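Right, one structure below, let's go through it.
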Ligand SMILES: CCCCCCCCCCCCCC
Ligand SMILES: CCCCCCCCCCCCCC
Ligand SMILES: CCCCCCCCCCCCCC
Ligand SMILES: CCCCCCCCCCCCCC
Ligand SMILES: CCCCCCCCCCCCCC
Ligand SMILES: CCCCCCCCCCCCCC
Ligand SMILES: CCCCCCCCCCCCCC
Ligand SMILES: CCCCCCCCCCCCCC
Ligand SMILES: CCCCCCCCCCCCCC
Ligand SMILES: CCCCCCCCCCCCCC
Ligand SMILES: CCCCCCCCCCCCCC
Ligand SMILES: CCCCCCCCCCCCCC
Ligand SMILES: CCCCCCCCCCCCCC
Ligand SMILES: CCCCCCCCCCCCCC
Ligand SMILES: CCCCCCCCCCCCCC
Ligand SMILES: CCCCCCCCCCCCCC
Ligand SMILES: CCCCCCCCCCCCCC
Ligand SMILES: CCCCCCCCCCCCCC
Ligand SMILES: CCCCCCCCCCCCCC
Ligand SMILES: CCCCCCCCCCCCCC
Ligand SMILES: CCCCCCCCCCCCCC
Ligand SMILES: CCCCCCCCCCCCCC
Ligand SMILES: CCCCCCCCCCCCCC
Ligand SMILES: CCCCCCCCCCCCCC
Ligand SMILES: CCCCCCCCCCCCCC
Ligand SMILES: CCCCCCCCCCCCCC
Ligand SMILES: CCCCCCCCCCCCCC
Ligand SMILES: CCCCCCCCCCCCCC
Ligand SMILES: CCCCCCCCCCCCCC
Ligand SMILES: CCCCCCCCCCCCCC
Ligand SMILES: CCCCCCCCCCCCCC
Ligand SMILES: CCCCCCCCCCCCCC
Ligand SMILES: CCCCCCCCCCCCCC
Ligand SMILES: CCCCCCCCCCCCCC
Ligand SMILES: CCCCCCCCCCCCCC
Ligand SMILES: CCCCCCCCCCCCCC
Ligand SMILES: CCCCCCCCCCCCCC
Ligand SMILES: CCCCCCCCCCCCCC
Ligand SMILES: CCCCCCCCCCCCCC
Ligand SMILES: CCCCCCCCCCCCCC
Ligand SMILES: CCCCCCCCCCCCCC
Ligand SMILES: CCCCCCCCCCCCCC
Ligand SMILES: CCCCCCCCCCCCCC
Ligand SMILES: CCCCCCCCCCCCCC
Ligand SMILES: CCCCCCCCCCCCCC
């Protein structure tokens, strides 16, 4: 029965948003979690135990695997999803204490709106930042043969990845679902400015 | 005691459905989850660690396994089940905010119905889409010997899968339970049109 | 405090059953789950990683293991337990919406009974069906040496299973607890007919 | 607030027991679970993967491990603990429906007592039964060298177990805690008879 | 709202304790659990799979590992923490039924205090008992080389442990946090006697 | 509905803090947990199973791995996060019993403030202590080749770590998020003194 006070909190947090963003993005947050922790986490399980290279030099598979994967895509997308969720969480924690301050006033314009704008800016700005890093480093694909030239391997060794194509499809899903997230925040950002 | 408000929400979401779909499909959603995450998830555990090929060429088992399995059936069926559930979830989130908008009206035809129709269309349309992809790629069976002709293997190598018959039976269950899902949405789709 | 409405639902679902079936079968459902997911699931963990055969032919252990186990007993008994539980779940979901239809009637014989009979028939009929399949395929024991004659092995190879005796005892428990389930539904089936 | 009805159910189930059994056995049930599923389950993890024998005969470690362990002690003690708990659970489910039958009587001697006696008999009788089986099979110790004479091994092979002493200490705890359970039910059994 | 009855139970259990023990020991119970099941449980994961010895004698690593570790420190500290918690749990279960007996008296000195004294004695007495056993067996350190002289190894073999220094630091934490537990119960024990 | 009493407890614990620390640090506690147990725990999974050294000397990989990692970074950061959380937990448990003492007074300055100051001091003081230890031992990086000179290896051996660069990035995140924690407690510490 104590959900009646929670109804006031979920109303005031989304009083400035449209009728289409709170139904599409909230499902998109549930979608991105359920894709990440259930389907694709088990896919990157043997990212190192199957990585075989064509040499006898001991440790050459240790230093060549790292050059291909400075940071794996799974711990990348977990690093991304907290950074896109944290401006919403920070706005949620602030609006709760603001509501509590006003409940202890009545029994004995523009202040809330600025941080609501900033909360959607850093949602996109971190999202563009994590995309171009992936283009700068990994691209949006995976080749089935890597040629490695680090030390202490000899001249050039051939290292064969573990499931390039299965890792390819879940990369493009993480590109598309992030890109439809990015456009879905931009359309809110026009609506808050064009109101006046 | 706060389930009385939830009783109004579960009534309005299924006010257009028949008396037979909400009892058969809701159990079919519980059935498909319980078959997937409990029985058949452990069956595809060693999909790569048992895949042995008949060669000495290093990495030939890495590139030949991929040609047989571009995407494994388990991460396929998890990818399918979210896409069939998401039009129901999207209709659920929309009808909640529509109900909340009308609760803040009375204390101080055709609008809901169109998206209810669209919500059942994309349930079937994604379901037909995922079936024919499996026929285009994997078929509905698994052979116990795969002949591989990728690079850098030699001329032709023999690769032996891991449990073809146990993977065969759970494929046909995922075909049958998806097909009885597909017919169970079609029978609703006639009933909403033939009402008038 | 909202368990008072749940008290009406658990009364009407078992208004036709005896005083002895709802206390013995409900514990038997808790018993079969707790035996399956806690004790015997870990026993069939290394069903493939310990299966060794007496040959050098690569992949001969892959194709010979399958002939011994087309479907493992653990994923068999999980497949069985959902099929015996689903007619009870389907009767539970139907009787809830029937109760809700009558609650929206009073504020502004024989119909329920037929599907209650059918719900106990398919509990036994699926149970007899899964038993004879095991007799047709696996029997009710496990021998400690399997002789395999599939391809591409040579003439005949000896393959040694993993824990035949520990798998033997839990098979007989799954035979006995299923058989005492089968007789406990039959005794209900006489009581509903002999009432008149 | 709906724990007030649960207070009547936990009173009537233990109206015939002493003030010392419901405080000592209920903690003993919590003790035996917490010892089993947390401490000693991880100890029997590598019961097969460390079992090495002194031969080259392939599969000789498969058939010799079984003769030493027809059923492992962990799946034995899980099999024991359900059988000692099931007469208490069966008495709990029966006394609930008996209470419900009398609640639907008042708004519009000796019957309960017999099954309470039987419920404590089968607690001890199954407990004595599982103890002597262990004495008939395993004893109450483990030797660090097993001599195996099964087929298809040669004349006699030496097989070395995995952690005999760590498995020895948890056997004696499972003997002592079962024996203090057995005496704690007997002392109740005198008290119910000597009341008259 | 039914926490008001729980407020009476948590008051009467600690009516004889000081204002400093219920705030320091209750956090110390939360600390010792969170250190044990989260940090140091994963540290002792490969206690056997990394234990390598310097011989070819088959099974010599099985019988030499046991002499170094008759019982591992993790299953020791889990065995300790239940024994220090069980006198508090036994006093909690007794004081609940004592409270229930007096609630069924008013609607139609020295008795509680003795078992409160005994409950703190066996907390320390078991704690001193488990400490000196560790000094009698393991000491409070771990050496990086063990020399083994059991059978059927030859004259003397060198066995190298798995992470001695990481296991050293968590031993001293389990010594310090147990010792600050032991002094924190003694200071209560003076306060109950010196009251009179 | 019993969250109304919890509203008084969460008000009195933070009556001396600013409006910016309770919204930024509480999210920072949720951030550091979610980074630790989800993203970086799986990264340090094979910290030993991939550590290969360039020798044939048995056990040389056991004693050389330890010199590189006396305590792994994951069990370090878990050891850190409990020590920074424990002064907040201790202040939470104390303020609850202080509130309960005053509730049993009214139905029949400076005392709280001192321990609030001490609770923030030991948050920073333990945080500076764990940082400089890492600088004294590990630094803030990881090199891809370790040269080992322990016994019983020969003169000098080369040991290659497992993923130095992926472990490098999560170290700097654990430095930055700890450092922004350290400055966020200092800014509170000025505010409590400069109030008067
Ligand atoms: C009385 C009607 C108001 C009840 C509001 C409850 C909805 C808020 C919960 C939304 C989050 C649920 C996550 C599953
Ligand atoms: C690798 C396992 C992934 C499991 C899910 C990851 C959850 C991390 C994001 C949680 C954000 C919650 C914000 C409210
Ligand atoms: C060794 C060659 C250079 C490697 C640089 C890797 C940079 C990866 C940066 C990832 C940043 C993700 C968190 C913002
Ligand atoms: C009075 C202070 C309120 C702070 C509310 C949070 C504002 C948005 C913070 C966004 C941080 C973006 C970088 C991670
Ligand atoms: C009345 C609303 C209760 C549920 C709110 C849950 C989120 C509150 C913000 C989370 C951080 C607050 C610090 C405890
Ligand atoms: C009204 C409250 C204003 C809050 C200001 C916060 C602005 C963002 C500061 C942090 C940006 C850089 C974070 C890495
Ligand atoms: C030294 C070359 C490293 C190249 C990758 C650097 C990644 C740094 C990420 C910083 C993120 C800044 C977001 C505004
Ligand atoms: C007062 C009667 C109305 C109560 C309605 C409760 C039923 C709605 C819950 C259905 C989902 C339950 C999932 C297990
Ligand atoms: C591979 C493990 C499978 C576990 C179950 C998968 C659940 C994913 C579907 C959840 C959809 C929920 C919609 C309400
Ligand atoms: C390498 C030969 C071509 C492989 C193509 C594989 C296509 C798999 C498509 C799966 C799509 C599932 C998500 C819609
Ligand atoms: C006002 C907007 C309401 C939106 C409700 C959801 C409609 C159905 C969306 C189905 C999406 C199908 C493609 C995944
Ligand atoms: C009153 C109903 C509460 C339970 C509803 C749970 C589903 C609501 C839709 C889920 C998304 C809403 C965004 C928080
Ligand atoms: C009344 C609300 C209408 C909603 C329109 C949504 C139609 C579907 C658009 C997305 C289809 C393509 C998704 C891949
Ligand atoms: C390049 C050849 C790839 C063949 C498989 C392509 C699969 C694409 C799936 C698109 C789904 C569209 C659903 C309407
Ligand atoms: C060569 C032997 C192949 C065996 C295939 C067995 C197929 C069984 C399908 C079971 C489906 C049952 C539908 C209810
Ligand atoms: C007021 C008395 C009626 C309360 C009925 C509660 C019993 C129904 C629950 C039975 C299932 C419990 C599973 C653990
Ligand atoms: C292999 C792990 C087994 C875990 C338990 C299996 C549960 C499946 C049966 C659940 C049926 C629930 C019907 C109400
Ligand atoms: C390859 C030789 C024939 C194998 C047939 C295996 C049939 C197994 C049928 C199991 C059916 C279980 C689901 C009904
Ligand atoms: C009006 C329709 C009610 C349906 C209730 C369920 C009847 C029993 C179905 C049993 C199915 C057995 C085959 C799995
Ligand atoms: C009032 C009873 C609430 C609990 C009932 C739980 C089972 C209801 C049937 C489950 C399927 C209903 C579809 C949501
Ligand atoms: C009164 C409701 C009657 C329901 C009829 C259902 C009978 C069973 C039909 C399905 C049997 C075959 C399932 C494989
Ligand atoms: C082709 C030979 C296969 C032999 C096993 C067939 C099993 C089919 C199971 C069908 C179940 C029907 C239950 C009524
Ligand atoms: C109003 C006082 C009666 C409340 C009775 C609650 C005690 C019954 C619960 C005992 C089992 C608890 C298991 C943790
Ligand atoms: C091997 C893992 C053991 C986990 C605990 C086993 C629990 C089985 C006994 C449960 C009996 C519950 C009776 C109420
Ligand atoms: C192969 C030599 C005879 C082996 C007999 C093993 C008997 C084990 C009986 C265990 C019974 C436990 C359940 C009652
Ligand atoms: C009217 C029937 C009541 C049955 C209550 C249970 C009696 C005790 C059964 C004990 C079974 C012991 C063998 C497992
Ligand atoms: C009013 C008491 C509710 C809680 C009782 C939980 C145990 C009831 C017996 C369990 C089997 C009953 C079949 C649903
Ligand atoms: C008053 C109820 C009497 C119940 C009789 C049950 C006696 C035990 C019968 C089963 C004993 C054999 C089980 C293996
Ligand atoms: C064939 C020799 C087997 C020896 C072990 C038999 C164990 C049978 C257990 C039966 C339990 C009976 C309890 C009353
Ligand atoms: C009305 C005020 C009394 C409420 C008492 C609640 C505190 C007792 C719970 C202490 C244990 C909590 C463990 C997290
Ligand atoms: C090895 C995993 C350790 C997990 C925590 C162990 C908990 C055992 C102690 C629980 C005592 C509870 C007393 C109330
Ligand atoms: C084989 C040499 C003697 C080994 C004796 C080991 C004794 C360990 C006793 C541990 C007792 C812990 C529970 C009280
Ligand atoms: C009337 C009996 C009350 C018993 C309460 C518990 C007393 C303390 C028992 C401590 C046992 C210490 C040895 C484990
Ligand atoms: C009214 C208090 C309910 C919660 C008490 C939980 C502990 C009670 C003692 C635990 C053993 C009691 C046997 C069921
Ligand atoms: C007032 C209740 C007295 C309880 C007496 C219990 C004393 C301890 C007896 C057990 C000590 C030995 C346990 C191993
Ligand atoms: C036979 C030599 C064994 C040496 C270790 C014995 C440990 C026994 C522990 C008994 C604990 C007694 C506590 C009072
Ligand atoms: C090598 C062994 C070193 C042991 C040092 C620990 C001695 C006890 C220190 C903790 C005392 C705390 C008293 C409050
Ligand atoms: C009636 C309004 C007061 C309700 C206070 C609830 C907020 C306190 C909970 C904060 C912690 C939530 C963690 C998710
Ligand atoms: C290695 C797995 C990490 C899992 C999370 C660790 C949690 C430990 C910190 C919990 C502190 C809670 C304070 C309230
Ligand atoms: C073997 C060379 C000296 C190794 C010393 C390692 C010291 C590590 C100290 C870590 C302390 C962390 C807990 C405070
Ligand atoms: C009356 C005693 C109150 C104690 C409250 C806790 C004070 C802060 C303790 C901080 C301990 C720091 C070292 C871990
Ligand atoms: C009324 C507040 C109940 C919830 C408080 C939870 C934290 C209380 C302090 C935790 C230690 C108290 C010892 C049981
Ligand atoms: C007002 C309460 C004062 C509490 C004093 C606690 C001061 C800190 C003592 C412990 C410091 C050393 C811990 C390792
Ligand atoms: C013997 C050399 C060891 C060097 C590391 C010592 C670490 C000790 C940590 C003590 C922490 C004290 C915090 C105030
Ligand atoms: C030799 C290449 C080393 C690459 C080091 C990359 C360091 C990246 C640090 C990212 C920290 C971002 C802070 C927000």
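Note that we place each Cβ from the backbone using ideal geometry, even for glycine, and neighbour counts take in every protein chain shown. Derivation of every value follows stated rules applied to the coordinates shown; laboratory data play no part.
Using 7 Å Cα-to-Cβ label points, what is the residue E:57/residue A:34 separation (nm, one decimal)?
With each label point 7 Å from Cα toward Cβ, the separation is 6.0 nm.
Say each of residue B:172 and residue C:191 gets a label point 7 Å from the Cα, pointing the same way as Cα to Cβ; how far apart are those two points in nm?
The modelled label-to-label distance comes out at 3.8 nm.
Give me the one-decimal Kirkwood hydrodynamic radius in Å for the protein assembly as shown, with the sum taken over alpha-carbon pairs. Can you show the working numbers first?
On the way: mean 1/r = 0.0285 Å⁻¹.
It works out to 35.1 Å.
Could you give the radius of gyration (one decimal) and Dmax (whole number) of the Cα atoms in region E:1-112, in Å?
23.0, 80
For chain E, would you read off the P(r) tail past 29 Å as a percentage of all alpha carbon pairs? Provide the component values of the computation, followed by the final result.
On the way: 8123 of 19110 pairs.
Tail fraction, whole percent: 43.
Tell me, what is the FRET efficiency for residue A:133 and residue C:18 to the nearest 0.05, using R0 = 56 angstrom and their Cβ-Cβ distance as r? Please report the intermediate quantities before stating the final value.
On the way: r = 68 Å, r/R0 = 1.21.
So, using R0 = 56 Å, E works out to roughly 0.25.
For region B:58-121 and region A:146-161, what is the separation of their Cα centres, given in Å?
Using only Cα atoms, the two centres lie 43 Å from each other.
Please report the residue of chain B with the smallest beta-carbon distance to the B-to-F rotation axis, and give that distance in Å, no decimals.
B:1, 5
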